[PDB]
Number of protein chains: 4
Amino acid sequence: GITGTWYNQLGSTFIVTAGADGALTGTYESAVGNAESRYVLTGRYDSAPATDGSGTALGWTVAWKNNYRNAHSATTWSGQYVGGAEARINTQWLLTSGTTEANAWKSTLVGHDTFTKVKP
Amino acid sequence: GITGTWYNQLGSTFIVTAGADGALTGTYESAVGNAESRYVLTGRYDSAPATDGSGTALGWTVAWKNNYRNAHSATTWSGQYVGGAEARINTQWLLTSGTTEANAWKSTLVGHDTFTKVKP
Amino acid sequence: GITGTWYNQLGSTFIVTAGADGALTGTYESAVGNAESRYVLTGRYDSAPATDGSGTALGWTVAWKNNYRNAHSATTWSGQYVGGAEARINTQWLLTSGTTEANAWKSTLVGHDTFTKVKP
Amino acid sequence: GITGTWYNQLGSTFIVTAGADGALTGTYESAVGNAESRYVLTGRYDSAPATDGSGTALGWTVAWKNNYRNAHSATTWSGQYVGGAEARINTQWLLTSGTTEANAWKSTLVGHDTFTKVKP
Ligand SMILES: COC(=O)c1cncc(-c2cc3c(=O)[nH]ccc3o2)c1
Ligand SMILES: COC(=O)c1cncc(-c2cc3c(=O)[nH]ccc3o2)c1
Ligand SMILES: O=S([O-])[O-]
Ligand SMILES: O=S([O-])[O-]
Ligand SMILES: O=S([O-])[O-]
Ligand SMILES: O=S([O-])[O-]
Ligand SMILES: O=S([O-])[O-]
Ligand SMILES: O=S([O-])[O-]
Ligand SMILES: O=S([O-])[O-]
């Protein structure tokens with residue numbers, strides 16, 4: 001299932017629990033950027049997915065503030081869990097930094113992360 | 001400045017509480033605001049933003065399942081809160097639907113939402 | 001139609017010609033209007049759109065190199081032209097900068113530009 | 001290193017010439033290799049990239065109209081070319097369909113393609 005410890009292609013660590021109420025809760029540790037140790041995450045997932053072979057839709061957010069550092073930014077991952085020989089969560093993400101209005105055009109990075117239960 | 005009710009450009013409404021712990025909790029719904037249009041939201045925000053005039057980074061997720069409906073999808077909004085005389089939350093979003101692998105190319109919509117404290 | 005001089009919400013100037021073959025050609029520049037901030041663009045558009053009221057899909061690219069400056073980056077805009085008494089081109093864009101592999105996570109900005117034939 | 005034939009990870013091919021003026025021209029074949037599935041592409045690239053291990057920024061567009069078919073849509077790919085023994089073009093894409101204003105929310109898909117010089 002979704003609950004577990006996952007790693008993305010850069011070796012970030014995503015520790016998540018899927019609640020029966022559709023909640024995702026856990027911690028995220030980033031292999032990149034202005035980040036140190038674990039950050040709180042929260043999200044949601046479809047707790048009654050289609051039974052037709054489709055993946056399970058989900059998303060979560062990390063705001064990049066913890067007790068050590070504050071990057072004044074937040075990442076949301078939107079994606080789906082794909083059950084499988086090798087279970088995977090395939091996502092695309094948006095990383096918005098707090099900016100002045102003049103710099104808002106350059107506030108948001110986009111990318112795609114794939115997570116499995118094995119570290120690269 | 002974030003806690004309360006916000007309205008997007010399209011008719012949607014959300015009500016959120018910004019907790020002291022950096023949490024965002026609430027519900028997302030339609031203009032009409034009927035029970036069947038209401039979904040849990042959860043997210044995170046920067047609870048200690050920069051003091052140089054930058055916005056406040058935040059993000060949240062809604063999975064489009066409630067006790068009545070299930071669209072097998074989830075949206076994440078990633079953006080920033082701008083305070084001042086015309087307060088706004090400016091976002092970009094990713095809506096991922098659960099798909100088969102063959103259809104994963106058409107799984108993810110992208111767009112933008114601007115939220116205000118007053119109705120459009 | 002599409003051929004003409006457009007401006008985005010930030011004052012950039014998009015001078016484009018829509019050819020009979022689906023080609024878009026022209027130049028993209030900044031508000032100041034100077035040679036050093038002017039760049040070549042090329043793209044494509046649907047030369048036979050639907051007749052049901054839908055917009056006309058289009059996209060184009062600017063590589064941020066000209067005879068004076070090189071930012072080692074390129075932007076693509078993807079969107080549609082909406083006809084009527086206020087013609088508009090609504091777009092989302094991706095701006096990729098050349099990076100090392102280690103920095104590829106932070107290579108791509110995303111945003112949205114709306115273009116009209118009037119200045120903002 | 002850009003000019004030539006490239007293959008994505010899902011059975012598409014394209015064929016591009018990278019002109020000394022920074023033009024990309026060519027054809028994109030959504031399948032392999034029937035003419036009903038071939039479309040014009042044009043774009044731009046950084047014709048003077050860094051030789052510091054950074055990728056070469058580029059982008060291109062395909063409008064999904066040819067002599068056989070018309071999906072009333074256009075994709076733009078934004079990315080970077082990475083040279084060497086195992087050369088790649090790493091992209092993120094936006095696929096916008098022409099829509100009515102009421103449907104504009106669901107107009108734009110996002111995703112990622114990775115192209116290699118060898119077939120997958
Ligand atoms: C009541 O159920 C729905 O209407 C519904 C179903 N599926 C998706 C959405 C929806 C609403 C919404 C938005 O306000 N901004 C960005 C994406 C987005 O998606 C709404
Ligand atoms: C690395 O980026 C640059 O150096 C650069 C230089 N000069 C203009 C622009 C630019 C302009 C622009 C716009 O109007 N919409 C969307 C993206 C975008 O990027 C970018
Ligand atoms: O991943 S954010 O800390 O730069
Ligand atoms: O690098 S973004 O996945 O936080
Ligand atoms: O995750 S994309 O920035 O290579
Ligand atoms: O939210 S953008 O797809 O019109
Ligand atoms: O404000 S959006 O164009 O980064
Ligand atoms: O045309 S998009 O599915 O790479
Ligand atoms: O699988 S990503 O290209 O939607």
Side-chain angles (χ1 to χ4, degrees), chain A residues 6-14 28-37 39 41 59-65 69-79 88-116 119-120, chain C residues 6-14 27-33 36-39 41 59-65 69-79 88-116 119-120:
Chain A
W6 299 83
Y7 306 87
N8 76 4
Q9 74 286 345
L10 299 184
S12 294
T13 307
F14 168 48
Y28 199 96
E29 183 174 2
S30 188
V32 297
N34 180 21
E36 180 184 343
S37 194
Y39 294 79
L41 72 90
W60 68 97
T61 305
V62 169
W64 295 109
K65 178 180 168 300
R69 294 197 198 186
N70 192 348
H72 302 311
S73 64
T75 304
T76 62
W77 288 258
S78 183
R88 198 168 276 275
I89 298 168
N90 293 324
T91 74
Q92 292 183 96
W93 52 259
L94 293 170
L95 167 43
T96 309
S97 296
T99 66
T100 61
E101 296 186 325
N103 289 329
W105 68 274
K106 59 161 181 189
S107 64
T108 312
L109 288 168
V110 60
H112 51 99
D113 282 2
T114 310
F115 295 82
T116 64
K119 207 162 176 172
Chain C
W6 300 83
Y7 303 100
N8 76 5
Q9 66 294 346
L10 316 166
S12 294
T13 302
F14 165 50
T27 61
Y28 202 92
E29 63 187 289
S30 87
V32 198
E36 285 76 4
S37 313
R38 190 172 307 119
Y39 299 81
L41 71 95
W60 68 93
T61 309
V62 168
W64 300 109
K65 177 198 173 348
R69 285 201 162 211
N70 191 354
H72 303 305
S73 60
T75 299
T76 65
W77 290 253
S78 183
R88 197 176 273 285
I89 298 168
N90 298 317
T91 69
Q92 296 187 85
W93 57 253
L94 294 173
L95 165 49
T96 308
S97 294
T99 68
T100 65
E101 200 94 270
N103 292 333
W105 70 270
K106 56 164 170 184
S107 70
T108 312
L109 293 165
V110 61
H112 50 98
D113 283 357
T114 318
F115 292 92
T116 61
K119 296 185 197 218

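Chain A is the first sequence line, chain B the second, and so forth, proteins listed ahead of strands; every chain is numbered from 1.
- Considering only heavy-atom pairs separated by less than 4.5 Å from chain C, the leading option among A/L94, A/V32, A/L10 is A/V32.
- Within residues 70-79 of chain A, no residue has a heavy atom under 4.5 Å from a heavy atom of chain C.
- Here C/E101 pairs with D/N90 under the side-chain contact (heavy atoms from CB on, under 4.5 Å) rule; sequence neighbours left out.
- The interface of residues 109-116 of chain A with chain C, defined by heavy-atom distances below 4.5 Å, comprises A/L109, A/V110.
- Taking C/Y7 as the reference, nothing meets the side chain to side chain donor-acceptor pair (under 3.5 Å) condition, with sequence neighbours excluded.
- Taking CG from C/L95 and CH2 from A/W105, the interatomic distance works out to 6.0 Å, rounded to the nearest 0.5 Å.
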